[PDB]
Amino acid sequence: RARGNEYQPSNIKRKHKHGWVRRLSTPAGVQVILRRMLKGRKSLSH
Amino acid sequence: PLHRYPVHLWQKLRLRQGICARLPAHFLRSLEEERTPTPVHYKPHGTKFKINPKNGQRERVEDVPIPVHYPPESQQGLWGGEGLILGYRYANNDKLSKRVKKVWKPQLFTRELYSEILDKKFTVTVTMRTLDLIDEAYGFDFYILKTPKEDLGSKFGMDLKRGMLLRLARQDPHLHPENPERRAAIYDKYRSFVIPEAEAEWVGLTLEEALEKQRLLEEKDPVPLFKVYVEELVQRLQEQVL
Amino acid sequence: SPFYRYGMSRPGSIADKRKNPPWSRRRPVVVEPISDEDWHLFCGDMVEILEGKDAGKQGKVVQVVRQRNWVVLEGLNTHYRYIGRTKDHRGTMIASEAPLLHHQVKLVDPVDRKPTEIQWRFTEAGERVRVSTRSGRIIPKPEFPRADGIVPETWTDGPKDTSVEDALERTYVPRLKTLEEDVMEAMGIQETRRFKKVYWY
Amino acid sequence: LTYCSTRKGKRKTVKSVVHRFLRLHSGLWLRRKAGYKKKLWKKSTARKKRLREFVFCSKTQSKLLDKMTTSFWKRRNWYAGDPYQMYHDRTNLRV
Amino acid sequence: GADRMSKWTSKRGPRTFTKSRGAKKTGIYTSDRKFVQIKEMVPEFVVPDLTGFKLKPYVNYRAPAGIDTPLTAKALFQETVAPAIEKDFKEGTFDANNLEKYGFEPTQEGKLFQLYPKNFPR
Amino acid sequence: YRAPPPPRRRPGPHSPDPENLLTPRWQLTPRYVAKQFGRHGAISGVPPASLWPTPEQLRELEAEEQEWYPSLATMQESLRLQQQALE
Amino acid sequence: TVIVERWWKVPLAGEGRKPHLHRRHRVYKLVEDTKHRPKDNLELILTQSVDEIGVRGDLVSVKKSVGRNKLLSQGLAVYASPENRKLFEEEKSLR
Amino acid sequence: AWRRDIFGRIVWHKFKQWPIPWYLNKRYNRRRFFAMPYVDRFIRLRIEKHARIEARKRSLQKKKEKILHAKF
RNA sequence: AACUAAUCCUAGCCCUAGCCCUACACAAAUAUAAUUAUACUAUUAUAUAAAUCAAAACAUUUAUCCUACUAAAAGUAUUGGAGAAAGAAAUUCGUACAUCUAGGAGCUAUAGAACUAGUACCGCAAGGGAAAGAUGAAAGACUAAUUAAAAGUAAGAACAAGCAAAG
Ligand SMILES: [Mg+2]
Ligand SMILES: [Mg+2]
Ligand SMILES: [Mg+2]
Ligand SMILES: [Mg+2]
Ligand SMILES: [Mg+2]
Ligand SMILES: [Mg+2]
Ligand SMILES: [Mg+2]
Ligand SMILES: [Mg+2]
Ligand SMILES: [Mg+2]
Ligand SMILES: [Mg+2]
Ligand SMILES: [Mg+2]
């Protein structure tokens with residue numbers, strides 16, 4: 001079949017998989033946020 | 001750029017500024033000082049010099065302490081300085097064999113220990129070394145009181161020491177009430193360890209506990225400036241009358 | 001914005017917006033720093049042009065762009081241009097002034113018309129005044145019309161403008177009461193209920 | 001070998017050379033014969049005598065041993081009662 | 001493919017997603033899925049009578065502005081409290097216990113309008 | 001122009017500040033103190049009695065000497081025995 | 001307890017310094033495990049009369065487990081410290 | 001109050017009104033006002049990052065003074 | 001007789017020196033699907049760094065990585081499939097420019113920071129990550145000029161025969 005359409009948007013999935021609360025739930029996720037803060041990213045998470 | 005101070009001096013700098021500076025001088029001495037604990041997992045060199053057998057020459061020797069891992073569980077017990085040795089071994093004890101990860105674990109036991117100064121029986125996770133040390137110290141109270149922070153190696157052990165020292169410092173009648181003669185005998189037996197009440201309060205506290213304690217001591221609601229100005233006004237008015 | 005360049009056109013005007021777009025990245029102009037105390041030239045001051053096309057000609061200041069250390073004299077250092085040009089018509093020829101830097105002019109002694117250098121010094125009352133370096137004298141601050149076009153003396157207030165007396169009337173009586181308490185008592189509101197305990201944290 | 005060491009930035013001696021060869025100050029190197037201690041029961045008497053001797057090294061071997069040791073091993077040593085006292089110098093050498 | 005930079009608002013997301021736009025709550029949602037508006041929770045505008053009022057939006061350009069002197073605790077204290085204490089001190093009828101007589105408030109509890117923590121809006 | 005005054009070494013005994021963290025450790029040892037007296041003598045202010053070993057230090061020196069440095073008589077006696085054993 | 005020794009020699013550090021260790025200094029060998037040592041006896045002064053040990057005040061040597069488990073915990077015996085020795089010695093002399 | 005957030009910074013925390021005390025509020029307690037040890041390496045990186053910015057700003061001022069004095 | 005283009009100088013950067021810091025810079029909102037004024041539902045880093053690589057393979061081993069004053073002792077003693085390599089100390093020396101905020105036989109728009117920006121854009125996410133600007137004293141003087149000058153074209157297609165030129 002034709003590929004390239006693997007993104008099937010869903011806001012509930014997006015915020016649950018990559019959101020603020022998800023990232024702060026684990027120390028590894030908190031370190032992800034710290035790295036993005038040190039780089040200066042405007043968007044720390046979804 | 002460069003930091004003004006080397007990284008190893010950073011901890012000392014913090015203790016010299018802020019709320020840390022306001023801590024009592026005796027407490028900071030305990031934090032500042034670094035003393036090596038008594039050897040447990042290695043044999044110390046008896047002498048400072050030995051003869052190198054090959055060339056037959058006098059050689060300086062030093063004691064390099066083995067790195068020991070102390071699990072957080074150990075802070076709820078009275079291990080006699082014992083810990084986990086995380087290291088490697090050579091299979092078959094030959095240098096030309098594989099290097100294998102090896103952890104040597106202490107043999108732990110649960111025992112009941114009675115404190116005369118506290119008149120309470122505690123259930124503690126303990127090693128045979130601790131029991132031997134208590135025997136050498138002629139009682140559980142002596143072991144806790146005599147042993148320094150480094151050798152004791154337990155937050156619970158340090159907590160017990162503060163209780164005993166505070167009990168002795170205040171001569172608290174809460175020990176064996178209705179038997180003043182028994183209370184006196186216990187205090188007399190441990191009279192050597194008495195220290196000022198102020199010092200006993202800070203024994204065994206961690207830095208975070210000390211900062212919380214100091215914050216509570218200096219916590220105060222702000223003074224209404226109505227009162228402050230009134231005092232200034234009254235003094236000036238009173239002085240004018242003089 | 002660092003790349004903004006101050007020009008003769010007033011900041012924020014249509015002309016300035018055209019000159020200073022967000023994407024302009026022109027080379028910075030270098031201006032000799034002059035402290036607020038150091039500056040001694042003000043609008044309405046008669047000054048003399050030390051050098052240039054109009055060297056030796058006295059003029060009156062009418063604009064001061066301090067960010068460029070500029071002083072503009074009316075009718076001097078003047079080039080020619082057409083104003084109001086349209087496709088149909090050429091416009092009107094006018095003489096347009098160009099800015100003069102501070103060091104290219106000197107202030108003028110009032111009694112004797114000469115380019116006297118001046119020094120800042122306080123007075124008996126304590127008010128700061130410019131004094132001539134030679135022939136020591138008080139060069140008073142000149143009076144210039146307000147930029148917005150408002151002449152206070154000629155001003156006659158219309159509706160929605162408070163009268164002088166009303167604005168200056170004193171009604172405040174100092175007391176240890178908030179505006180809320182004052183208004184309720186004045187307006188006669190009565191409230192006897194009290195908020196229950198709330199925990200802040 | 002190590003030309004520039006991490007700690008001192010210097011050349012390093014190859015200790016296996018220092019453990020097998022002797023340098024005379026004149027520039028010569030001494031060595032033993034390979035196998036002089038091996039299977040002597042099947043070697044002829046003349047062969048054993050040849051093996052026991054101390055022998056010199058060639059110009060290329062001497063050049064290699066010079067590269068593999070640092071200058072400290074090339075200095076004058078004034079040992080009391082040295083048995084090689086006479087062999088640190090060359091006499092009547094025209095070349 | 002999602003937009004990470006735009007704000008998260010109730011217009012976006014599924015219907016189940018809802019959130020406020022910053023309006024203060026005026027009531028409670030009880031059981032049975034019922035909204036119960038509370039009269040006290042609804043702000044009431046205290047509007048004065050503007051009849052006979054001489055102050056208008058603008059001021060005469062000829063009106064002199066005064067020297068800026070922001071009010072301070074000392075300035076307030078001198079204007080209000082100092083004369084009473086000074087007069088009482090001369091008469092001698094002054095004591096520390098009765099500072100409330102001159103307007104001191106020992107505690108803010110029980111006041112409709114508390115200065116700290118503030119319990120009224122602007 | 002006139003050249004600036006010539007660079008000169010700091011003269012006199014120098015006692016570093018003990019409390020200052022930056023001050024190097026080596027400058028605060030008793031070894032450093034003795035060096036001040038040696039260079040500048042009396043003006044150093046060092047109490048001369050400190051230069052000699054203290055009684056506890058004296059015992060350590062004497063204890064060390066006995067273990068590793070024998071007396072002449074003991075050295076002679078041991079050498080005599082070895083010769084007899086060799087003989 | 002477990003007593004271990006390093007396989008690899010650690011170079012000396014000097015008086016006021018600590019040695020910098022390397023990965024190979026983490027390889028150990030077991031010199032001894034104190035569990036398997038011959039076990040000493042523990043000496044107590046009795047505070048009562050208990051079967052097959054002695055009368056109050058006697059000096060005995062007993063297995064460490066027996067002393068801690070029963071004599072010390074139950075109050076039958078007290079530690080044979082010099083202070084305890086002096087007190088009970090006086091009592092016997094008067095008796 | 002002055003509190004340390006989970007990212008290792010010091011921020012002023014504005015209190016809110018609640019009907020129950022803090023120890024009985026399960027939503028509030030889930031909020032963390034402490035930083036774990038993995039944050040110290042990031043704390044140093046911020047300090048060093050900031051120190052570089054300050055060093056460049058001071059250098060640039062000194063360079064700009066050169067231009068002024070050379071020009072004037 | 002010219003189009004496409006070209007020319008430009010400062011935005012800032014680099015390395016040192018010096019110096020601890022204490023900046024923690026409205027209201028409101030935010031740990032709930034962050035930035036949603038109030039209860040529901042409790043809250044908490046990690047046991048030893050590994051491997052690549054060197055040993056011309058690889059299997060013990062392999063500087064820095066994994067920091068505790070400079071210079072010397074010394075690449076010495078010692079350690080090492082005694083191979084590759086690794087490598088002290090005792091013991092001597094050192095008052096460091098001091099003063100105040102300085103300096104450049106460092107870069108000048110493909111350089112110097114990735115930076116005009118951690119933006120645009122790309123990725124579900126961790127993450128990756130650009131490009132570029134140029135008048136004058138004055139634009140409240142109509143925005144400046146300067147250049148047979150790159151390739152590419154045009155002005156001006158070609159004319160038996162040939163590495164395209166050379167005699
Ligand atoms: Mg795709
Ligand atoms: Mg699907
Ligand atoms: Mg040394
Ligand atoms: Mg290999
Ligand atoms: Mg292969
Ligand atoms: Mg391979
Ligand atoms: Mg391997
Ligand atoms: Mg660039
Ligand atoms: Mg770039
Ligand atoms: Mg061309
Ligand atoms: Mg042809």
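Output the number of residues of the range B:215-235 satisfying the condition of being over 21 Å from E:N98 (Cα atoms) and hydrophobic (A, V, I, L, M, F, W, C).
Matching residues across the range B:215-235 total 2.
Could you list all residues from the range G:8-35 that are in a strand (DSSP E or B) and among the aliphatic types (A, V, I, L, M)?
G:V27, G:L30, G:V31
Taking C:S132 as the residue in question, decide whether it is within 16 Å of RNA strand I (Cβ to nearest atom) and without any contact (Cβ under 8 Å) to a residue 24 or more places away in the chain.
Here the answer is no, as C:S132 does not meet what is asked.
Out of the residues in the range H:24-69 that are within 11 Å of chain A (Cβ to nearest Cβ) and not in a helix (DSSP H, G or I), which is farthest from RNA strand I (Cβ to nearest atom)?
Of everything passing the filter in the range H:24-69, H:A35 is farthest from RNA strand I (Cβ to nearest atom).
Those residues that are surrounded by 10 or more Cβ atoms within 10 Å (Cβ to Cβ) and more than 6 Å from RNA strand I (Cβ to nearest atom), I need them from the range A:23-44; list them, please.
Across the range A:23-44, the qualifying residues are A:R23, A:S25, A:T26, A:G29, A:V30, A:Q31, A:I33, A:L34, A:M37, A:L38.
F:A85 - would you say it is within 25 Å of the chain's Cα centre (by Cα), among the aliphatic types (A, V, I, L, M), in a helix (DSSP H, G or I) and over 30 Å from B:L9 (Cα atoms)?
The answer is no for F:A85.
What's the total number of residues in the range C:33-56 that are in contact with a strand residue (DSSP E or B) (Cβ under 9 Å, 6 or more places away or on another chain) and surrounded by 12 or more Cβ atoms within 10 Å (Cβ to Cβ)?
Residues in the range C:33-56 being in contact with a strand residue (DSSP E or B) (Cβ under 9 Å, 6 or more places away or on another chain) and surrounded by 12 or more Cβ atoms within 10 Å (Cβ to Cβ): 14 in total.
Does B:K146 satisfy the condition of being surrounded by 13 or more Cβ atoms within 10 Å (Cβ to Cβ), within 11 Å of another protein chain (Cβ to nearest Cβ) and among the basic types (K, R)?
In short, no.
Of the numbered conditions (1) touching a residue at least 24 places away in the same chain (Cβ under 8 Å); (2) outside any loop (DSSP other than H, G, I, E, B), C:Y82 fails exactly one; give the number of that condition.
(1)
Does C:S24 meet the test of being farther than 22 Å from C:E117 by Cα and more than 16 Å from ligand 1 (Cβ to nearest atom)?
yes
Can you find even one residue in the range B:147-168 that is under 30 Å from G:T34 (Cβ atoms) and without any contact (Cβ under 8 Å) to a residue 24 or more places away in the chain?
Scanning the range B:147-168, I find at least one residue that is under 30 Å from G:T34 (Cβ atoms) and without any contact (Cβ under 8 Å) to a residue 24 or more places away in the chain, so the answer is yes.
Restricting to the range A:1-22, name every residue that is more than 7 Å from RNA strand I (Cβ to nearest atom) and either under 19 Å from H:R31 (Cα atoms) or surrounded by 12 or more Cβ atoms within 10 Å (Cβ to Cβ) (or both).
A:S10
Being surrounded by fewer than 16 Cβ atoms within 10 Å (Cβ to Cβ), among the polar types (S, T, N, Q) and over 25 Å from B:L131 (Cβ atoms) narrows it down to one residue among G:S93, G:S61, G:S73, G:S65; which is it?
Exactly one of G:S93, G:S61, G:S73, G:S65 is surrounded by fewer than 16 Cβ atoms within 10 Å (Cβ to Cβ), among the polar types (S, T, N, Q) and over 25 Å from B:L131 (Cβ atoms), namely G:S93.
Could you grab me the full set of residues in the range B:29-53 that are more than 14 Å from B:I66 (Cβ to Cβ) and within 14 Å of chain G (Cβ to nearest Cβ)?
Answer for the range B:29-53, where residues must be more than 14 Å from B:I66 (Cβ to Cβ) and within 14 Å of chain G (Cβ to nearest Cβ): B:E34, B:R35, B:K48, B:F49, B:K50, B:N52, B:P53.
Inside the range C:141-181, can you point out the residues that are within 7 Å of chain E (Cβ to nearest Cβ) and aliphatic (A, V, I, L, M)?
Those that are within 7 Å of chain E (Cβ to nearest Cβ) and aliphatic (A, V, I, L, M): C:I150, C:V164, C:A167, C:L168, C:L176.
Kindly indicate the residue of the range A:1-22 that is over 9 Å from A:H46 (Cβ atoms) and either in a helix (DSSP H, G or I) or among the aliphatic types (A, V, I, L, M) (or both) and also nearest to ligand 1 (Cβ to nearest atom) among those meeting that condition.
A:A2
Taking B:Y138, is it in contact with an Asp or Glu (Cβ under 9 Å, 6 or more places away or on another chain) and within 11 Å of another protein chain (Cβ to nearest Cβ)?
It is true that B:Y138 is in contact with an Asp or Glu (Cβ under 9 Å, 6 or more places away or on another chain) and within 11 Å of another protein chain (Cβ to nearest Cβ).
In the range E:95-122, which residues are surrounded by 11 or more Cβ atoms within 10 Å (Cβ to Cβ) and not charged (D, E, K, R)?
E:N98, E:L99, E:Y102, E:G103, E:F104, E:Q108, E:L112, E:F113, E:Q114, E:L115, E:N119, E:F120
How many of the residues in the range B:75-109 are under 16 Å from B:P37 (Cα atoms), away from chain G (no Cβ under 11 Å) and out of contact with any helix residue (DSSP H, G or I) (no Cβ under 7 Å at 6 or more places or on another chain)?
0
Step by step: first the residues of the range G:36-58, then only those that are free of Cβ contacts under 8 Å to residues at least 24 places away in the same chain and not in a loop (DSSP other than H, G, I, E, B), then the one that is surrounded by the fewest Cβ atoms within 10 Å (Cβ to Cβ). Which residue is that?
That would be G:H36.
Please indicate, with yes or no, whether at least one residue in the range B:114-125 is at the interface with another protein chain (Cβ under 9 Å from one of its Cβ atoms) and part of a strand (DSSP E or B).
yes
Hey, does the range C:57-67 have a residue that's of a type in the set (G, A, S) and loosely packed, with under 15 Cβ neighbours inside 10 Å?
Checking the range C:57-67: not a single residue is of a type in the set (G, A, S) and loosely packed, with under 15 Cβ neighbours inside 10 Å.
Could you run through the range B:52-83 and say how many residues are within 12 Å of RNA strand I (Cβ to nearest atom) and free of Cβ contacts under 8 Å to residues at least 40 places away in the same chain?
So the count comes out to 18.
So, of the residues in the range E:39-79 that are among the aromatic types (F, W, Y) and exposed (fewer than 10 other Cβ atoms within 10 Å of the Cβ), which turns out to be farthest from the other protein chains (Cβ to nearest Cβ)?
E:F45
More than 30 Å from F:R25 (Cβ to Cβ) and part of a loop (DSSP other than H, G, I, E, B), is that true of G:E89?
It is false that G:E89 is more than 30 Å from F:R25 (Cβ to Cβ) and part of a loop (DSSP other than H, G, I, E, B).
Can you pull out the residues in the range F:10-60 that are among the hydrophobic types (A, V, I, L, M, F, W, C) and surrounded by 10 or more Cβ atoms within 10 Å (Cβ to Cβ)?
Across the range F:10-60, the qualifying residues are F:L21, F:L22, F:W26, F:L28, F:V33, F:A34, F:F37, F:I43, F:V46, F:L51, F:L58.
Each row is one residue, and each column tells you yes or no for (1) free of Cβ contacts under 8 Å to residues at least 24 places away in the same chain; (2) loosely packed, with under 11 Cβ neighbours inside 10 Å; (3) part of a loop (DSSP other than H, G, I, E, B); (4) out of contact with any helix residue (DSSP H, G or I) (no Cβ under 6 Å at 6 or more places or on another chain).
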site: D:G9; (1), (2), (3), (4): yes, yes, yes, yes
site: D:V17; (1), (2), (3), (4): no, no, no, no
site: D:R20; (1), (2), (3), (4): yes, no, yes, yes
site: D:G27; (1), (2), (3), (4): no, no, yes, yes
site: D:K37; (1), (2), (3), (4): yes, yes, yes, yes
site: D:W41; (1), (2), (3), (4): yes, yes, no, yes
site: D:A46; (1), (2), (3), (4): yes, yes, no, yes
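Looking only at residues that are among the hydrophobic types (A, V, I, L, M, F, W, C) and more than 16 Å from RNA strand I (Cβ to nearest atom) in the range C:13-40, which one is nearest to the other protein chains (Cβ to nearest Cβ)?
Only one residue tops the list, namely C:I34.
A quick note on method: Cβ atoms are made from the backbone with ideal geometry, for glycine too, and the neighbour counts reach across all protein chains shown. Coordinate-derived values only; no laboratory data.
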